[PDB]
$ cat query-v6.cif   # mmCIF, C-alpha atoms
data_entry
#
loop_
_atom_site.label_atom_id
_atom_site.label_comp_id
_atom_site.auth_asym_id
_atom_site.auth_seq_id
_atom_site.Cartn_x
_atom_site.Cartn_y
_atom_site.Cartn_z
CA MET A 33 159.72 77.17 116.06
CA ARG A 34 157.42 77.12 119.19
CA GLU A 35 156.34 80.85 119.70
CA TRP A 36 158.18 84.15 120.68
CA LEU A 37 160.40 85.09 123.74
CA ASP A 38 157.79 86.36 126.30
CA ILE A 39 158.48 88.54 129.45
CA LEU A 40 154.90 88.79 131.06
CA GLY A 41 153.36 85.21 131.14
CA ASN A 42 150.76 84.09 128.49
CA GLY A 43 151.48 86.74 125.74
CA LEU A 44 150.93 90.58 125.61
CA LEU A 45 154.65 91.71 125.74
CA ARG A 46 156.17 89.33 123.07
CA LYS A 47 159.84 90.52 122.47
CA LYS A 48 161.58 88.10 119.98
CA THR A 49 165.32 88.96 120.54
CA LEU A 50 166.93 88.21 117.08
CA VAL A 51 170.45 89.83 117.54
CA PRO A 52 171.39 89.37 121.37
CA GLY A 53 174.20 91.85 122.34
CA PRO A 54 177.86 90.49 121.86
CA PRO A 55 180.28 89.30 124.77
CA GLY A 56 181.74 92.34 126.60
CA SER A 57 178.71 94.62 125.79
CA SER A 58 176.06 93.03 128.14
CA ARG A 59 172.75 94.02 129.92
CA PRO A 60 172.63 97.22 132.26
CA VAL A 61 171.62 97.28 136.02
CA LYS A 62 168.78 99.72 137.11
CA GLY A 63 170.18 103.32 137.18
CA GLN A 64 171.68 104.29 133.73
CA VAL A 65 170.80 106.73 130.84
CA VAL A 66 169.96 104.05 128.16
CA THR A 67 169.44 104.86 124.41
CA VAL A 68 167.27 102.90 121.84
CA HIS A 69 166.30 103.17 118.11
CA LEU A 70 162.48 102.57 118.24
CA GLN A 71 160.80 102.42 114.75
CA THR A 72 156.95 101.89 114.96
CA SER A 73 155.20 99.81 112.19
CA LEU A 74 151.51 98.62 111.90
CA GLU A 75 149.88 95.20 112.67
CA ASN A 76 148.50 95.08 109.00
CA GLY A 77 150.90 97.32 106.92
CA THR A 78 154.24 99.21 107.33
CA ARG A 79 156.13 102.18 109.08
CA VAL A 80 153.58 104.52 110.88
CA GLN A 81 156.01 106.95 112.71
CA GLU A 82 159.80 106.24 112.40
CA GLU A 83 161.53 107.97 115.41
CA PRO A 84 165.29 106.77 115.68
CA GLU A 85 166.62 108.62 118.88
CA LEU A 86 164.94 107.81 122.29
CA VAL A 87 167.19 108.62 125.35
CA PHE A 88 165.64 107.81 128.81
CA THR A 89 166.44 106.67 132.45
CA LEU A 90 166.37 102.82 133.04
CA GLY A 91 163.23 101.95 135.12
CA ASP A 92 161.34 105.32 135.14
CA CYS A 93 157.84 106.88 134.42
CA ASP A 94 158.65 108.09 130.83
CA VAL A 95 158.43 105.16 128.24
CA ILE A 96 155.46 102.73 127.57
CA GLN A 97 154.78 99.45 129.60
CA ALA A 98 156.12 97.26 126.65
CA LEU A 99 159.61 99.00 126.88
CA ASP A 100 159.97 99.44 130.78
CA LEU A 101 159.27 95.68 131.69
CA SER A 102 161.80 94.23 129.05
CA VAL A 103 164.32 97.22 129.57
CA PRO A 104 166.52 95.74 132.57
CA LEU A 105 166.99 92.49 130.44
CA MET A 106 168.31 94.11 127.14
CA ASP A 107 171.93 93.10 126.15
CA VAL A 108 173.96 96.00 124.65
CA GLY A 109 173.73 95.81 120.81
CA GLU A 110 170.32 94.01 120.23
CA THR A 111 167.76 94.08 117.32
CA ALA A 112 164.44 92.73 118.77
CA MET A 113 160.82 92.90 117.38
CA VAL A 114 158.34 93.91 120.19
CA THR A 115 154.72 92.85 119.27
CA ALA A 116 153.01 94.82 122.11
CA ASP A 117 149.35 94.79 123.34
CA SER A 118 147.26 98.00 122.69
CA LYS A 119 146.65 98.77 126.50
CA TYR A 120 150.44 98.27 127.35
CA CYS A 121 151.60 100.41 124.30
CA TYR A 122 150.44 103.66 122.63
CA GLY A 123 147.00 102.73 121.15
CA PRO A 124 143.73 104.34 122.66
CA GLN A 125 145.72 106.72 124.98
CA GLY A 126 148.68 107.11 122.56
CA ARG A 127 149.69 109.20 119.49
CA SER A 128 146.63 109.75 117.15
CA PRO A 129 145.70 110.12 114.24
CA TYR A 130 148.87 108.04 113.19
CA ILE A 131 148.84 105.27 115.94
CA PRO A 132 145.13 103.88 116.13
CA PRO A 133 142.73 102.79 119.07
CA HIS A 134 142.91 98.92 119.48
CA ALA A 135 145.21 96.53 117.38
CA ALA A 136 148.52 95.12 118.83
CA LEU A 137 151.21 96.88 116.65
CA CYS A 138 154.93 95.89 116.16
CA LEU A 139 157.88 98.18 117.17
CA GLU A 140 161.59 97.13 116.70
CA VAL A 141 163.87 98.04 119.70
CA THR A 142 167.57 98.28 118.58
CA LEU A 143 169.88 99.16 121.59
CA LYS A 144 172.47 101.82 120.46
CA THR A 145 174.39 102.92 123.69
CA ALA A 146 174.05 102.10 127.46
CA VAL A 147 175.85 105.09 129.16
CA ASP A 148 175.96 105.82 132.98
CA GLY A 149 175.01 109.58 133.07
CA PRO A 150 176.59 111.59 130.06
CA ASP A 151 177.66 115.06 131.45
CA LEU A 152 178.03 117.89 128.81
CA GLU A 153 177.54 121.64 129.69
#
$ encode --input "query-v6.cif" --output "structure tokens"
Amino acid sequence: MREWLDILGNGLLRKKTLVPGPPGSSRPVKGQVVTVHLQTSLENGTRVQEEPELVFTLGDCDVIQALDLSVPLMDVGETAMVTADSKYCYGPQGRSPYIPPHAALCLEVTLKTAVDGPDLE
């Protein structure tokens, strides 16, 4: 009822947060090794490239514009459908021939673990 939960302004990054993140396990501040399950599906079809383990630094030149902007406001244990614009996401400069030029494709961001630097030698 009445559109999706939007971070940018008019549309573009439309992250509808379905499961929030339960009390105790809550959103991380900017400087943590944060881990997501990101499965990519098409605008008019189904799963294009299903990649379940993406570990990365919070607020860093690594992930797409659709992830990095909504990444400081992600409560620990979410399941949230990100309908991202083609210039913000992988589309023309992206991951071809699987992910196409143009078309705003959906990608579900499910937060697994927010860990502050995991040291293992």
$ atom_distance --input "query-v6.cif" --atom1 "CA of residue 56 (chain A)" --atom2 "CA of residue 88 (chain A)"
22.4 Å
$ residues_around --input "query-v6.cif" --residues "region 99-106 of chain A" --least-positions-apart "3" --cutoff "7 Å" --atoms "only C-alpha atoms" --output "PyMOL selection string"
chain A and resi 39+59-62+90-91+95-96
$ resolve_selection --input "query-v6.cif" --expression "the PyMOL selection byres ((chain A and resi 36) around 6)" --output "JSON, numbers by chain"
{"A": [35, 37, 48]}
$ atom_distance --input "query-v6.cif" --atom1 "CA of residue 108 (chain A)" --atom2 "CA of residue 94 (chain A)"
20.5 Å
$ closest_residue --input "query-v6.cif" --among "A:142, A:42, A:78, A:64" --to "residue 107 (chain A)" --atoms "only C-alpha atoms"
A:142
$ resolve_selection --input "query-v6.cif" --expression "the PyMOL selection byres ((chain A and resi 118-124) around 6)" --output "number ranges by chain"
A: 96-98, 117, 125-126, 132-136
$ atom_distance --input "query-v6.cif" --atom1 "CA of residue 85 (chain A)" --atom2 "CA of residue 140 (chain A)"
12.7 Å
$ resolve_selection --input "query-v6.cif" --expression "the PyMOL selection byres ((chain A and resi 147-153) around 9)" --output "count of residues only"
7
$ residues_near_point --input "query-v6.cif" --point "(158.9, 95.6, 123.8)" --cutoff "7 Å" --atoms "only C-alpha atoms" --output "list in words"
residues 45, 46, 47, 98, 99, 102, 114, 115, 116 and 141 of chain A
$ build_atoms --input "query-v6.cif" --residues "region 60-93 of chain A" --atoms "N, CA and C atoms" --output "short mmCIF file (atom, residue, chain, number, x, y, z; two decimals), keeping the file's coordinate frame"
data_model
loop_
_atom_site.label_atom_id
_atom_site.label_comp_id
_atom_site.auth_asym_id
_atom_site.auth_seq_id
_atom_site.Cartn_x
_atom_site.Cartn_y
_atom_site.Cartn_z
N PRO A 60 172.40 96.24 131.17
CA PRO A 60 172.63 97.22 132.26
C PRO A 60 171.74 97.02 133.53
N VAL A 61 172.33 97.30 134.70
CA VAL A 61 171.62 97.28 136.02
C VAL A 61 170.88 98.65 136.24
N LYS A 62 169.83 98.65 137.09
CA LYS A 62 168.78 99.72 137.11
C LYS A 62 169.22 101.09 137.72
N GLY A 63 169.76 101.95 136.84
CA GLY A 63 170.18 103.32 137.18
C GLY A 63 171.20 103.86 136.15
N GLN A 64 170.79 103.95 134.87
CA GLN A 64 171.68 104.29 133.73
C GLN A 64 170.84 105.01 132.64
N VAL A 65 171.45 105.98 131.95
CA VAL A 65 170.80 106.73 130.84
C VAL A 65 170.97 105.88 129.54
N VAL A 66 169.95 105.07 129.25
CA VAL A 66 169.96 104.05 128.16
C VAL A 66 169.24 104.59 126.89
N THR A 67 169.81 104.24 125.72
CA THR A 67 169.44 104.86 124.41
C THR A 67 169.02 103.72 123.43
N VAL A 68 167.83 103.88 122.81
CA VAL A 68 167.27 102.90 121.84
C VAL A 68 166.87 103.61 120.51
N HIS A 69 166.95 102.84 119.41
CA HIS A 69 166.30 103.17 118.11
C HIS A 69 164.96 102.39 118.08
N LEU A 70 163.85 103.14 118.23
CA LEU A 70 162.48 102.57 118.24
C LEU A 70 161.76 103.06 116.96
N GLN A 71 161.59 102.16 115.98
CA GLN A 71 160.80 102.42 114.75
C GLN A 71 159.43 101.69 114.86
N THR A 72 158.32 102.45 114.81
CA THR A 72 156.95 101.89 114.96
C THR A 72 156.39 101.55 113.55
N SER A 73 155.94 100.29 113.39
CA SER A 73 155.20 99.81 112.19
C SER A 73 153.83 99.20 112.61
N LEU A 74 152.91 99.06 111.63
CA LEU A 74 151.51 98.62 111.90
C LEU A 74 151.39 97.07 111.99
N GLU A 75 150.38 96.60 112.75
CA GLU A 75 149.88 95.20 112.67
C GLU A 75 149.54 94.66 111.23
N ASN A 76 148.84 95.46 110.40
CA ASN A 76 148.50 95.08 109.00
C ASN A 76 149.00 96.17 108.00
N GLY A 77 150.33 96.39 107.90
CA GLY A 77 150.90 97.32 106.92
C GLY A 77 152.42 97.50 107.10
N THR A 78 152.82 98.74 107.43
CA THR A 78 154.24 99.21 107.33
C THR A 78 154.50 100.44 108.28
N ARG A 79 155.67 101.12 108.14
CA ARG A 79 156.13 102.18 109.08
C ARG A 79 155.15 103.40 109.26
N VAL A 80 154.58 103.48 110.47
CA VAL A 80 153.58 104.52 110.88
C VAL A 80 154.27 105.85 111.29
N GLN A 81 155.26 105.78 112.21
CA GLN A 81 156.01 106.95 112.71
C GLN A 81 157.41 106.41 113.09
N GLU A 82 158.41 106.76 112.26
CA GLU A 82 159.80 106.24 112.40
C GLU A 82 160.69 107.27 113.17
N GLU A 83 160.91 107.00 114.47
CA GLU A 83 161.53 107.97 115.41
C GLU A 83 162.87 107.36 115.97
N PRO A 84 164.07 107.56 115.35
CA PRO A 84 165.29 106.77 115.68
C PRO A 84 166.12 107.11 116.96
N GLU A 85 165.82 108.19 117.70
CA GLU A 85 166.62 108.62 118.88
C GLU A 85 165.69 108.80 120.12
N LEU A 86 165.73 107.81 121.03
CA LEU A 86 164.94 107.81 122.29
C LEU A 86 165.93 107.57 123.46
N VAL A 87 166.36 108.66 124.12
CA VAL A 87 167.19 108.62 125.35
C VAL A 87 166.27 108.79 126.60
N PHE A 88 166.53 107.97 127.63
CA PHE A 88 165.64 107.81 128.81
C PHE A 88 166.37 107.10 129.99
N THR A 89 165.92 107.36 131.23
CA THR A 89 166.44 106.67 132.45
C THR A 89 165.85 105.22 132.55
N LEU A 90 166.73 104.27 132.92
CA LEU A 90 166.37 102.82 133.04
C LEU A 90 165.47 102.60 134.29
N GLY A 91 164.22 102.16 134.05
CA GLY A 91 163.23 101.95 135.12
C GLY A 91 162.65 103.27 135.67
N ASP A 92 161.79 103.93 134.87
CA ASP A 92 161.34 105.32 135.14
C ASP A 92 159.99 105.62 134.39
N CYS A 93 159.16 106.50 134.99
CA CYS A 93 157.84 106.88 134.42
C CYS A 93 157.98 107.90 133.24
#
